[PDB]
Amino acid sequence: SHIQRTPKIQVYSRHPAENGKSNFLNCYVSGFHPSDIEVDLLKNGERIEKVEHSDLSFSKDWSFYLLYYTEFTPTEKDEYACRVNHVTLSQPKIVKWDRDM
Amino acid sequence: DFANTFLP
Amino acid sequence: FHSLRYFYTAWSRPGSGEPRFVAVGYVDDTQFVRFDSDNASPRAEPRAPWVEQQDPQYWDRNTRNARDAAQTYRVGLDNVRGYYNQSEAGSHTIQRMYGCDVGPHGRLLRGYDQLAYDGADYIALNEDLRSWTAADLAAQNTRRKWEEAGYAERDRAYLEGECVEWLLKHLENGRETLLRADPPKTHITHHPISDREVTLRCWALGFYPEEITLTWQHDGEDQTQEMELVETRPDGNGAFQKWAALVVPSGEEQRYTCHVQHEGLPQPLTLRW
């Protein structure tokens, strides 16, 4: 690994968040190199069981991007977050879900 | 179809 | 106008089994095929509803091609590690990006075939589709071998032949998915920070293709250096999202407009709170 790049992280929902209606929680990781990466989706601090992800691809500058996603129903006080680890990160990055972003 | 792949 | 693009990734995992190889194919911004060497008896699999109806010989043929490409880059990873005299205990990556852009006439606009090693250019087919550009000294090893074997000619025959013909078949079989231009669903949201300052965020949702322009204006003067523009993201359902946000004084929201340009819009949109 000569050229290494740390990932950017966005956490968001497929549709605008309406409580009690089924949605999808998305964690988009992009711009990283090399390809091995640990992404977990957390509900109130605990890893979510059924999390899928898109097939590994990459952009014009050779950096990788992946979409991790899970079915979820947003409520008012349930907290959601995405935890990302990578060889470039000395400690994992946790980005909280914010329904306004 | 995929293309042919060449050994580096 | 349209493009068929393939992306290969091969990397070693010292101590954790054989190298891994993943390949994906796209028509424009829509993925339609994947192959993963870590599967037991790995097959090329459809990743688009429209490509599913393709003859079973298409999937058998491309499965054997992908399995052969995977074996080739497993050996290739050792070849290139050896050129650089790197340790076997390190993990390394070979990537390949090739495909064709076709214009309205149904003919080749540009073909390309590029390889990277550890996230940096290694060797690329030149625009004449007859010669190779090697990025450093070790890549000259590959370049000499590929010239003596005549591989540039096999690339040219594919890029000017099968690539174009297969892009056109896929475009017809997936016309309802690929030949759309879905405009964005746009709105502005309003998030007070304090009594004097608020955040305005201009949303673009569910649009396809990925290309879009989002801008804030303050009485008509562009606000690019003041605004936060996030990278375009997939929504998970085959479309894309983007937003641009701006911090604004609490009585001045009406002096700001958001502007949205996209292929599916008959005219550019202007929004204001």
# chains A, B, ... in the order shown; residues from 1 in each chain; ligands from 1
>>> residues_around(residues="residue 81 (chain A)", least_positions_apart="4", cutoff="10 Å", atoms="only C-alpha atoms", output="list in words")
residues 11, 12, 25, 26, 27, 40, 41, 42, 43, 44, 45, 46, 47, 94, 95, 96, 97 and 98 of chain A
>>> residues_around(residues="residue 31 (chain A)", least_positions_apart="6", cutoff="10 Å", atoms="only C-alpha atoms", output="MDAnalysis selection string")
chainID A and resid 4:9 58:59 61:66
>>> interface_residues(of="chain B", to="chain C", cutoff="6 Å", atoms="only C-alpha atoms", output="ChimeraX atom specification")
/B:5,7-8
>>> closest_atom_pairs(of="chain A", to="chain C", cutoff="9 Å", atoms="only C-alpha atoms", output="Markdown table")
| residue | atom | partner | partner_atom | distance |
| --- | --- | --- | --- | --- |
| A:1 | CA | C:118 | CA | 5.2 |
| A:2 | CA | C:118 | CA | 5.9 |
| A:3 | CA | C:119 | CA | 5.7 |
| A:4 | CA | C:119 | CA | 7.3 |
| A:5 | CA | C:119 | CA | 8.9 |
| A:10 | CA | C:233 | CA | 8.2 |
| A:12 | CA | C:235 | CA | 8.7 |
| A:13 | CA | C:235 | CA | 7.6 |
| A:14 | CA | C:235 | CA | 5.0 |
| A:15 | CA | C:235 | CA | 8.1 |
| A:24 | CA | C:236 | CA | 8.2 |
| A:26 | CA | C:236 | CA | 7.5 |
| A:28 | CA | C:233 | CA | 7.1 |
| A:33 | CA | C:119 | CA | 6.6 |
| A:34 | CA | C:118 | CA | 7.2 |
| A:35 | CA | C:11 | CA | 8.3 |
| A:54 | CA | C:236 | CA | 8.6 |
| A:55 | CA | C:34 | CA | 7.1 |
| A:56 | CA | C:22 | CA | 7.0 |
| A:57 | CA | C:7 | CA | 6.4 |
| A:58 | CA | C:7 | CA | 7.2 |
| A:60 | CA | C:97 | CA | 8.8 |
| A:61 | CA | C:119 | CA | 7.9 |
| A:62 | CA | C:119 | CA | 5.7 |
| A:63 | CA | C:119 | CA | 7.0 |
| A:67 | CA | C:236 | CA | 7.5 |
| A:68 | CA | C:236 | CA | 8.8 |
| A:69 | CA | C:236 | CA | 7.5 |
| A:100 | CA | C:189 | CA | 7.9 |
| A:101 | CA | C:243 | CA | 8.1 |
>>> atom_distance(atom1="CA of residue 252 (chain C)", atom2="CA of residue 266 (chain C)")
29.6 Å
>>> select_by_dssp(residues="region 31-212 of chain C", states="helix (DSSP H, G or I)", output="VMD selection string")
chain C and resid 49 to 51 56 to 83 137 to 149 151 to 160 162 to 173 175 to 178
>>> atom_distance(atom1="CA of residue 46 (chain C)", atom2="CA of residue 101 (chain C)")
21.7 Å
>>> atom_distance(atom1="CA of residue 12 (chain C)", atom2="CA of residue 39 (chain A)")
20.1 Å
>>> residues_around(residues="residue 198 (chain C)", least_positions_apart="3", cutoff="9 Å", atoms="only C-alpha atoms", output="PyMOL selection string")
chain C and resi 190-195+246-250+253
>>> write_last_selection(atoms="C-alpha atoms", output="PDB file, in the first residue's frame")
ATOM      1  CA  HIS C 190     -34.598  25.211   7.816  1.00  0.00           C
ATOM      2  CA  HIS C 191     -32.697  24.466  11.032  1.00  0.00           C
ATOM      3  CA  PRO C 192     -32.344  27.265  13.605  1.00  0.00           C
ATOM      4  CA  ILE C 193     -29.002  27.376  15.389  1.00  0.00           C
ATOM      5  CA  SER C 194     -29.595  30.477  17.539  1.00  0.00           C
ATOM      6  CA  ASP C 195     -31.744  33.608  17.591  1.00  0.00           C
ATOM      7  CA  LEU C 246     -25.523  27.580   4.068  1.00  0.00           C
ATOM      8  CA  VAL C 247     -25.535  29.490   7.361  1.00  0.00           C
ATOM      9  CA  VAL C 248     -27.687  32.603   7.086  1.00  0.00           C
ATOM     10  CA  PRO C 249     -28.751  35.433   9.450  1.00  0.00           C
ATOM     11  CA  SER C 250     -32.100  34.775  11.095  1.00  0.00           C
ATOM     12  CA  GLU C 253     -33.658  33.712   4.584  1.00  0.00           C
TER      13      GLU C 253
END
>>> closest_residue(among="A:74, A:30, A:52, A:83", to="residue 16 (chain A)", atoms="only C-alpha atoms")
A:74
>>> residues_around(residues="residue 38 (chain A)", least_positions_apart="4", cutoff="8 Å", atoms="only C-alpha atoms", output="list in words")
residues 83, 84, 85 and 86 of chain A
>>> write_last_selection(atoms="N, CA, C and O atoms", output="compact mmCIF listing (two decimals), in the first residue's frame")
# COMPACT_ATOMS: atom_id res chain seq x y z
N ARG A 83 -20.13 3.05 12.24
CA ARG A 83 -18.77 2.89 12.75
C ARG A 83 -17.89 2.37 11.62
O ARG A 83 -18.20 1.33 11.03
N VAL A 84 -16.82 3.08 11.32
CA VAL A 84 -15.94 2.76 10.19
C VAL A 84 -14.52 2.61 10.70
O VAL A 84 -13.99 3.50 11.36
N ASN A 85 -13.90 1.47 10.39
CA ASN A 85 -12.48 1.29 10.64
C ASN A 85 -11.77 0.98 9.33
O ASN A 85 -12.36 0.40 8.41
N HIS A 86 -10.51 1.37 9.26
CA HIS A 86 -9.70 1.28 8.05
C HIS A 86 -8.24 1.36 8.47
O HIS A 86 -7.92 1.86 9.55
>>> select_by_dssp(residues="chain A", states="strand (DSSP E or B)", output="mmCIF file with N, CA, C and O atoms, in the first residue's frame")
data_model
loop_
_atom_site.group_PDB
_atom_site.id
_atom_site.type_symbol
_atom_site.label_atom_id
_atom_site.label_comp_id
_atom_site.auth_asym_id
_atom_site.auth_seq_id
_atom_site.Cartn_x
_atom_site.Cartn_y
_atom_site.Cartn_z
ATOM 1 N N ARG A 5 -5.581 6.165 1.358
ATOM 2 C CA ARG A 5 -6.535 7.257 1.505
ATOM 3 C C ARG A 5 -7.566 6.890 2.558
ATOM 4 O O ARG A 5 -8.109 5.780 2.536
ATOM 5 N N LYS A 8 -14.187 8.915 3.402
ATOM 6 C CA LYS A 8 -15.262 9.821 3.776
ATOM 7 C C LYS A 8 -16.505 9.008 4.122
ATOM 8 O O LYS A 8 -16.701 7.897 3.621
ATOM 9 N N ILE A 9 -17.345 9.567 4.992
ATOM 10 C CA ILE A 9 -18.493 8.848 5.535
ATOM 11 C C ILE A 9 -19.710 9.761 5.517
ATOM 12 O O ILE A 9 -19.658 10.886 6.025
ATOM 13 N N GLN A 10 -20.807 9.273 4.943
ATOM 14 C CA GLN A 10 -22.108 9.912 5.055
ATOM 15 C C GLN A 10 -23.095 8.884 5.579
ATOM 16 O O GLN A 10 -23.096 7.731 5.132
ATOM 17 N N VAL A 11 -23.924 9.300 6.535
ATOM 18 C CA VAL A 11 -24.983 8.469 7.094
ATOM 19 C C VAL A 11 -26.307 9.177 6.852
ATOM 20 O O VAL A 11 -26.463 10.349 7.210
ATOM 21 N N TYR A 12 -27.259 8.464 6.259
ATOM 22 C CA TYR A 12 -28.503 9.080 5.817
ATOM 23 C C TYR A 12 -29.527 7.984 5.562
ATOM 24 O O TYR A 12 -29.215 6.792 5.598
ATOM 25 N N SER A 13 -30.756 8.409 5.295
ATOM 26 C CA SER A 13 -31.853 7.508 4.983
ATOM 27 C C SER A 13 -32.206 7.614 3.506
ATOM 28 O O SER A 13 -31.981 8.648 2.871
ATOM 29 N N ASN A 23 -38.140 2.390 6.350
ATOM 30 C CA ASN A 23 -37.175 3.164 5.581
ATOM 31 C C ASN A 23 -35.920 2.312 5.400
ATOM 32 O O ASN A 23 -35.911 1.117 5.710
ATOM 33 N N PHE A 24 -34.856 2.930 4.885
ATOM 34 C CA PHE A 24 -33.539 2.312 4.826
ATOM 35 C C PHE A 24 -32.504 3.271 5.392
ATOM 36 O O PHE A 24 -32.503 4.462 5.071
ATOM 37 N N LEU A 25 -31.630 2.747 6.241
ATOM 38 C CA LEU A 25 -30.517 3.507 6.789
ATOM 39 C C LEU A 25 -29.271 3.222 5.960
ATOM 40 O O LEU A 25 -28.910 2.059 5.761
ATOM 41 N N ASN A 26 -28.625 4.278 5.471
ATOM 42 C CA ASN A 26 -27.493 4.160 4.560
ATOM 43 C C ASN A 26 -26.224 4.691 5.210
ATOM 44 O O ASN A 26 -26.236 5.752 5.839
ATOM 45 N N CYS A 27 -25.128 3.955 5.049
ATOM 46 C CA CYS A 27 -23.797 4.452 5.379
ATOM 47 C C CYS A 27 -22.930 4.335 4.130
ATOM 48 O O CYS A 27 -22.593 3.226 3.703
ATOM 49 N N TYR A 28 -22.580 5.473 3.545
ATOM 50 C CA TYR A 28 -21.817 5.528 2.305
ATOM 51 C C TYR A 28 -20.360 5.827 2.627
ATOM 52 O O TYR A 28 -20.051 6.884 3.181
ATOM 53 N N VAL A 29 -19.466 4.900 2.294
ATOM 54 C CA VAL A 29 -18.029 5.088 2.478
ATOM 55 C C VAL A 29 -17.371 5.182 1.109
ATOM 56 O O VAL A 29 -17.596 4.334 0.237
ATOM 57 N N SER A 30 -16.559 6.213 0.922
ATOM 58 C CA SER A 30 -15.990 6.498 -0.384
ATOM 59 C C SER A 30 -14.620 7.130 -0.201
ATOM 60 O O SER A 30 -14.265 7.588 0.887
ATOM 61 N N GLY A 31 -13.851 7.130 -1.287
ATOM 62 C CA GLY A 31 -12.569 7.801 -1.328
ATOM 63 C C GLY A 31 -11.448 7.122 -0.578
ATOM 64 O O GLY A 31 -10.448 7.774 -0.266
ATOM 65 N N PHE A 32 -11.566 5.830 -0.278
ATOM 66 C CA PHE A 32 -10.548 5.154 0.512
ATOM 67 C C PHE A 32 -9.723 4.190 -0.337
ATOM 68 O O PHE A 32 -10.128 3.752 -1.418
ATOM 69 N N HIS A 33 -8.534 3.886 0.174
ATOM 70 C CA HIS A 33 -7.605 2.928 -0.402
ATOM 71 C C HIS A 33 -6.662 2.464 0.699
ATOM 72 O O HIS A 33 -6.132 3.300 1.441
ATOM 73 N N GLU A 38 -13.969 -1.969 7.586
ATOM 74 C CA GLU A 38 -14.974 -2.481 8.513
ATOM 75 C C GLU A 38 -16.033 -1.404 8.699
ATOM 76 O O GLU A 38 -15.750 -0.336 9.250
ATOM 77 N N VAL A 39 -17.251 -1.686 8.250
ATOM 78 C CA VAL A 39 -18.386 -0.793 8.438
ATOM 79 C C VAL A 39 -19.437 -1.536 9.245
ATOM 80 O O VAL A 39 -19.809 -2.664 8.901
ATOM 81 N N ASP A 40 -19.906 -0.911 10.324
ATOM 82 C CA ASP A 40 -20.979 -1.451 11.142
ATOM 83 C C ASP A 40 -22.032 -0.378 11.354
ATOM 84 O O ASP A 40 -21.702 0.799 11.525
ATOM 85 N N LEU A 41 -23.295 -0.785 11.334
ATOM 86 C CA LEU A 41 -24.402 0.098 11.662
ATOM 87 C C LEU A 41 -24.882 -0.210 13.074
ATOM 88 O O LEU A 41 -25.180 -1.364 13.398
ATOM 89 N N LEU A 42 -24.954 0.822 13.908
ATOM 90 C CA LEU A 42 -25.277 0.671 15.319
ATOM 91 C C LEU A 42 -26.654 1.248 15.622
ATOM 92 O O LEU A 42 -27.017 2.317 15.122
ATOM 93 N N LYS A 43 -27.414 0.529 16.447
ATOM 94 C CA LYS A 43 -28.654 1.027 17.034
ATOM 95 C C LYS A 43 -28.424 1.165 18.534
ATOM 96 O O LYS A 43 -28.264 0.159 19.237
ATOM 97 N N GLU A 46 -25.165 -0.593 19.645
ATOM 98 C CA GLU A 46 -25.003 -2.025 19.425
ATOM 99 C C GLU A 46 -25.144 -2.348 17.942
ATOM 100 O O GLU A 46 -26.069 -1.863 17.282
ATOM 101 N N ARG A 47 -24.230 -3.174 17.434
ATOM 102 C CA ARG A 47 -24.189 -3.503 16.014
ATOM 103 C C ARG A 47 -25.502 -4.126 15.553
ATOM 104 O O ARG A 47 -26.079 -4.975 16.237
ATOM 105 N N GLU A 52 -26.497 -5.285 4.812
ATOM 106 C CA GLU A 52 -25.968 -5.657 3.510
ATOM 107 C C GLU A 52 -25.100 -4.526 2.956
ATOM 108 O O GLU A 52 -25.002 -3.438 3.528
ATOM 109 N N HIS A 53 -24.456 -4.785 1.822
ATOM 110 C CA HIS A 53 -23.621 -3.760 1.214
ATOM 111 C C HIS A 53 -23.497 -4.017 -0.279
ATOM 112 O O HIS A 53 -23.561 -5.160 -0.738
ATOM 113 N N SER A 57 -16.681 -1.156 -5.808
ATOM 114 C CA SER A 57 -16.323 -0.461 -7.037
ATOM 115 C C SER A 57 -15.390 0.697 -6.694
ATOM 116 O O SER A 57 -15.021 0.898 -5.533
ATOM 117 N N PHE A 58 -14.990 1.465 -7.708
ATOM 118 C CA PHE A 58 -14.062 2.557 -7.446
ATOM 119 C C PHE A 58 -14.216 3.651 -8.494
ATOM 120 O O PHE A 58 -14.788 3.443 -9.566
ATOM 121 N N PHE A 64 -11.963 3.644 -3.572
ATOM 122 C CA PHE A 64 -13.083 2.721 -3.467
ATOM 123 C C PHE A 64 -14.299 3.388 -2.839
ATOM 124 O O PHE A 64 -14.178 4.329 -2.054
ATOM 125 N N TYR A 65 -15.482 2.873 -3.179
ATOM 126 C CA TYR A 65 -16.714 3.308 -2.535
ATOM 127 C C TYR A 65 -17.647 2.121 -2.330
ATOM 128 O O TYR A 65 -17.725 1.221 -3.173
ATOM 129 N N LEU A 66 -18.349 2.130 -1.197
ATOM 130 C CA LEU A 66 -19.273 1.073 -0.809
ATOM 131 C C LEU A 66 -20.473 1.683 -0.100
ATOM 132 O O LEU A 66 -20.327 2.630 0.680
ATOM 133 N N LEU A 67 -21.654 1.131 -0.359
ATOM 134 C CA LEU A 67 -22.872 1.516 0.343
ATOM 135 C C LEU A 67 -23.302 0.373 1.252
ATOM 136 O O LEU A 67 -23.603 -0.723 0.773
ATOM 137 N N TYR A 68 -23.325 0.629 2.556
ATOM 138 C CA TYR A 68 -23.900 -0.286 3.531
ATOM 139 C C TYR A 68 -25.294 0.209 3.902
ATOM 140 O O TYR A 68 -25.509 1.414 4.067
ATOM 141 N N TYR A 69 -26.243 -0.718 4.021
ATOM 142 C CA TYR A 69 -27.631 -0.329 4.214
ATOM 143 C C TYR A 69 -28.382 -1.407 4.982
ATOM 144 O O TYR A 69 -28.031 -2.590 4.936
ATOM 145 N N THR A 70 -29.430 -0.979 5.686
ATOM 146 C CA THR A 70 -30.282 -1.889 6.435
ATOM 147 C C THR A 70 -31.690 -1.318 6.504
ATOM 148 O O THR A 70 -31.887 -0.101 6.547
ATOM 149 N N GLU A 71 -32.668 -2.217 6.486
ATOM 150 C CA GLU A 71 -34.054 -1.837 6.715
ATOM 151 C C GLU A 71 -34.215 -1.342 8.147
ATOM 152 O O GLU A 71 -33.718 -1.971 9.087
ATOM 153 N N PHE A 72 -34.899 -0.213 8.324
ATOM 154 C CA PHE A 72 -35.144 0.265 9.678
ATOM 155 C C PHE A 72 -36.383 1.146 9.694
ATOM 156 O O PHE A 72 -36.844 1.631 8.657
ATOM 157 N N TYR A 80 -29.067 6.215 15.863
ATOM 158 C CA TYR A 80 -28.409 5.378 14.875
ATOM 159 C C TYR A 80 -27.067 5.989 14.509
ATOM 160 O O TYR A 80 -26.898 7.210 14.533
ATOM 161 N N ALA A 81 -26.112 5.130 14.166
ATOM 162 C CA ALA A 81 -24.761 5.591 13.876
ATOM 163 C C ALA A 81 -24.066 4.585 12.968
ATOM 164 O O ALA A 81 -24.507 3.442 12.809
ATOM 165 N N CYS A 82 -22.965 5.031 12.374
ATOM 166 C CA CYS A 82 -22.131 4.204 11.518
ATOM 167 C C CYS A 82 -20.708 4.229 12.054
ATOM 168 O O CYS A 82 -20.152 5.306 12.293
ATOM 169 N N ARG A 83 -20.127 3.048 12.242
ATOM 170 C CA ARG A 83 -18.771 2.891 12.754
ATOM 171 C C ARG A 83 -17.895 2.367 11.625
ATOM 172 O O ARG A 83 -18.202 1.327 11.034
ATOM 173 N N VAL A 84 -16.815 3.084 11.321
ATOM 174 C CA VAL A 84 -15.944 2.761 10.195
ATOM 175 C C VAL A 84 -14.520 2.605 10.700
ATOM 176 O O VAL A 84 -13.989 3.503 11.364
ATOM 177 N N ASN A 85 -13.901 1.472 10.390
ATOM 178 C CA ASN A 85 -12.482 1.290 10.643
ATOM 179 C C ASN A 85 -11.774 0.978 9.331
ATOM 180 O O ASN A 85 -12.363 0.404 8.410
ATOM 181 N N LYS A 93 -13.932 5.559 13.335
ATOM 182 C CA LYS A 93 -14.744 6.756 13.197
ATOM 183 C C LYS A 93 -16.207 6.372 13.369
ATOM 184 O O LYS A 93 -16.672 5.407 12.753
ATOM 185 N N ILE A 94 -16.918 7.102 14.225
ATOM 186 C CA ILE A 94 -18.349 6.907 14.431
ATOM 187 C C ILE A 94 -19.049 8.186 14.004
ATOM 188 O O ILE A 94 -18.769 9.263 14.543
ATOM 189 N N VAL A 95 -19.944 8.073 13.028
ATOM 190 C CA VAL A 95 -20.743 9.192 12.547
ATOM 191 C C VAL A 95 -22.195 8.898 12.891
ATOM 192 O O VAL A 95 -22.746 7.877 12.462
ATOM 193 N N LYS A 96 -22.808 9.782 13.672
ATOM 194 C CA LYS A 96 -24.194 9.607 14.075
ATOM 195 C C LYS A 96 -25.131 9.934 12.923
ATOM 196 O O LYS A 96 -24.839 10.784 12.077
#
>>> closest_residue(among="C:110, C:150, C:225, C:169", to="residue 6 (chain B)", atoms="only C-alpha atoms")
C:150
